[PDB]
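Next come structure tokens for two forms of one protein chain, structure 1 first, structure 2 second.
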Structure 1
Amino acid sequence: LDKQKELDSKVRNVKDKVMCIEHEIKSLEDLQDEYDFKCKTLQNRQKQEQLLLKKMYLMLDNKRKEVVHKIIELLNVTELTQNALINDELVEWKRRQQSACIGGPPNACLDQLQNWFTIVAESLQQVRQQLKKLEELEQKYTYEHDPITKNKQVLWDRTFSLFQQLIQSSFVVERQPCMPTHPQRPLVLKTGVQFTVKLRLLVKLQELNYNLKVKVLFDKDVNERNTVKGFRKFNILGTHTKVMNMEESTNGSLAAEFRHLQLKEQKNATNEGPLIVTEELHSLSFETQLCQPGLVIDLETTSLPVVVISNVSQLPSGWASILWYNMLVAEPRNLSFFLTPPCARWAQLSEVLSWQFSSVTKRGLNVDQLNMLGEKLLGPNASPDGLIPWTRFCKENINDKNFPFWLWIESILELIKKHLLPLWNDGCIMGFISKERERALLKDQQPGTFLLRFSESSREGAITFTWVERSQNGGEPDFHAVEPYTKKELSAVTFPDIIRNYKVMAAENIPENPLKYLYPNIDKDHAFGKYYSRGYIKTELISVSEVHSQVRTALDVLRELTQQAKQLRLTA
């Protein structure tokens, strides 16, 4: 399952190959020196020894031929490992970085990648040093068709182009733009709020500590700003530059954290646009440069596209765009919406929805909840291939409703985070359930039994219980749900308190709590025990329902008032 094992070996092999080369060049100059030594002492005037100086010559030429073969052999294996490193392992990191940012499983450490990039780079610069001591031996001693001279140039050019792009691709945004004051929603930034972003260089060469300075550019190289209509122009406030180093990081990595960076719009002084503000993407790019003796390398990375918003109202709308982006696109195309947004497909939305909950809460969406939502978006066919347009997700109002899909679940999340967390996290809430299934689950259940479900018609995001009562005829019983509770109500008293002291009352009758067992036949106080709040007359504060027309209570008048309704509007 790990191509890491083979990659470790290749770069091990790379390190192992440069080191023999270094060993063989030492004896190459060792013999180069005694050839000059012998050939010079013999010139200073039957023990021929000219047979030796002819052999010592051939060794030198063979040895030269050998290390030139060994270097090109190495440049050929390192071309193969970098292609893997840069074009597989690193590319896959970046995709699972955009999965992680929007709710996926956590990303691994950059450290395996950094370790790979590093010793490849460390080998790539030892070869540079070897190519240069070979040059020292070439002009101390050359001859016809010197294998040093015949490969000197393209060996030099091959190591650099490799080294150049290697560290060029090493320039990664380790942590994407993210307003700390809004931690769980990166890539969306509000004018006047500071955000942070951390760049990293994976090659980790001590020679580079405090030697690279990164500039931040907003909307660099914009054809879209003057092509697309009404594009908004912004500017970065803060230190636009920062120098990389290794002690600020705790892991010793070479990075440059732009803390305290903020964004404000231009003062151009309105126009219409085919792309609404949250649908409009920008990008934050970064530039640095490696000036060393004789060589110059230009580095340029870019963050994932960001959405900028005017006020916190636009936070959930914007985050839909982020999600649609990193769900589908893997490339920074700032026109991905335009008005060509791809429809997503349920097999992906299905679990990125599940992510929005496990990231916020400690519990994700289950299959039964996913079928519910599936049907709401697609229909009866719960097909993984199901195509979910972007308009049906955040633009057009869902089905026969007056609010879009995503915002309906954002505010459900809101509510769960702020009021329903331990209930939801313990799995007491069967919140995602159509009214059709809702009924069919309780139909053959004890009349004390209920279930908590989220309302599909509350824009502000509410929860409600549904219970079943018997209805003259044994089959086709009576199904009741209370008006669902928004945060306004649960701020005043928690849902577990509401459930326990709920009363159905009626003029001149005993109140009684309809709710007796939660769905799998579990007693109310045994189910919601741990979630309860727990000289004058004490007073408590409770939700109640007056029906307004054991012994006869108010649910006995509830039963009668609804059969009278059912016995009315009968056919004849």
Structure 2
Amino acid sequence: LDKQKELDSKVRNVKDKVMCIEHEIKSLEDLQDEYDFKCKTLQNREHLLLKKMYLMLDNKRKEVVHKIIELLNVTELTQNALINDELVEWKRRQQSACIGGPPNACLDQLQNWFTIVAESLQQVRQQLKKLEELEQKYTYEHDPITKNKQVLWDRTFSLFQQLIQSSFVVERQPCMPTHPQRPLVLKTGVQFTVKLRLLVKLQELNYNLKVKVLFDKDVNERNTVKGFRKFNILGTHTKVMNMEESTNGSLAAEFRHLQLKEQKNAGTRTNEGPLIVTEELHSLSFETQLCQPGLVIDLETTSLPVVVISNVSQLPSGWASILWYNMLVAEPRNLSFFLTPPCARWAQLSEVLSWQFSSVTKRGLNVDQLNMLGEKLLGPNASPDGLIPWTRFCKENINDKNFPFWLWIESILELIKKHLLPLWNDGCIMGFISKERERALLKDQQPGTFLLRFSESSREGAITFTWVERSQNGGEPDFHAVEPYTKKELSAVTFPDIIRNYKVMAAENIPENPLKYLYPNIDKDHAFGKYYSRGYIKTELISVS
């Protein structure tokens, strides 16, 4: 918080200097109409006077001018810290937030700094108008209020222009309301929501800024990239900024209804075959203009690159791109990123992987799970420093299968989120376990040998448990694992409930298993007591050998 606290004083300092300067100006204005009055009289009261006038006013004019020049300097130092370090830093954190990292801090802190310096410059402008008013009443050969006159004005337009343009930001990145945890992937036909905001807060600026949403503004990939598709925003291209919309006393503009549709044409005929899969990056630019007498400024800002899809089936793949993008970019951004997808270091990907789980559920991945996935992407010499090609991530088919690494994880996620949350969250699934170590850990010979592992084979995402009773011949019995369960069998029956009754060909008339010790001895039932689903002949579905 140190740096913040220090920027806090630089801003208070600016405000002080501006007020301090306005005082000296009233004192300059009055003190002049005093000397001017005393002059007129002495002239008609005829038909140290001389020294006072022409000498102190000058010292006072010069005095003020110098002080304004000094305020503008400090304003610069302050502004630059505001714009280039604080805003720029807030933005980096936003990127990371979108892909499941720490939550963005509220923009109020930022807004305060901005408007406070925004008001000071507006003030210097007035003080500048006042000074000119004095020269019209009185001037002279080396009148400072005339030389520094022009320089100071212009210099106050810059600081102010810069500051206001930088204050226009995309508070909440584009996103589909049905996908709160997958923000930069917009699907055609559906209407996304974006939130803009001017960190400046200027009363006389409410209901004046008209915002217009544009698509792919200044995007060379349009021409340069082959097959590249074009889209049109559709819903409400424009929306005026208020302070009413957001309960938070702040100037903003939230779009809903915004919607993309293809510009199906011959101009940019499809190529299906062009430079890149439909995971090319686009941008949403927001443009507005502060129009005032003697002032005119155009504000513009754009969202982070977006991915446009036509079917939610293309979302898991689209997400992959945005993880990869934001995981490896910051810098003004490259919409041709995937023409040359830089590799990713594993200490970094492993983390983001865990974020993914901690974003759709209540618990991420721990170290065992991560090493299992790691020797799966980098093999035995898996290492935090190891590099992982984009290709090995979302394109190559993985360990011995018919799907890439990413869609496999994406589908387990989808599998957790719709059928295992409670079990998952309360750590009863160790899903990612090398099949070796599965075996290894199971001479726990507390024959109720339970271990829920996610399937490595399915396109789809399934769960299996592994069995260990005795071999009847000195040999732990053969390490038993049922065919995985996909959404199907699970949607017709909870997973716990199928665990309770896995009876599997059991000669009896009361109790039958292999059930009864969850990991090392958490008692089958005590383990899964919460999760169970506890005139006709009531029945139940059950998995059986």
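Throughout, residue numbering runs from 1 along the sequence of structure 1. Heads up, when I say rigid core I mean the largest set of C-alphas that superpose within 1.5 Å between the two forms.
Between the two chain copies, the one drawn from the form solved without the DNA is structure 1. Residue shifts between the two structures, rigid core superposed: of 289, 445, 194, 285, the only C-alpha displaced by 2 Å or more belongs to 445. When two forms of a protein are overlaid on their rigid core, residues whose CA moves 2 Å or more are considered shifted, and residue 260 is not one of them between the two structures.
Once you line up the core between the two structures, the Cα of residue 476 ends up 2 Å or more from where it was. With a cut-off of 2 Å and the rigid core superposed, residue 161 has a Cα displacement that falls short of the cut-off between the two structures. When the rigid core is fitted, residue 509 shows a C-alpha shift of 11.7 Å between the two structures. Core-based alignment between the two structures gives a C-alpha movement of 2.4 Å at residue 183. Relative displacement of the residue 27 Cα between the two structures on rigid core alignment is 1.3 Å.
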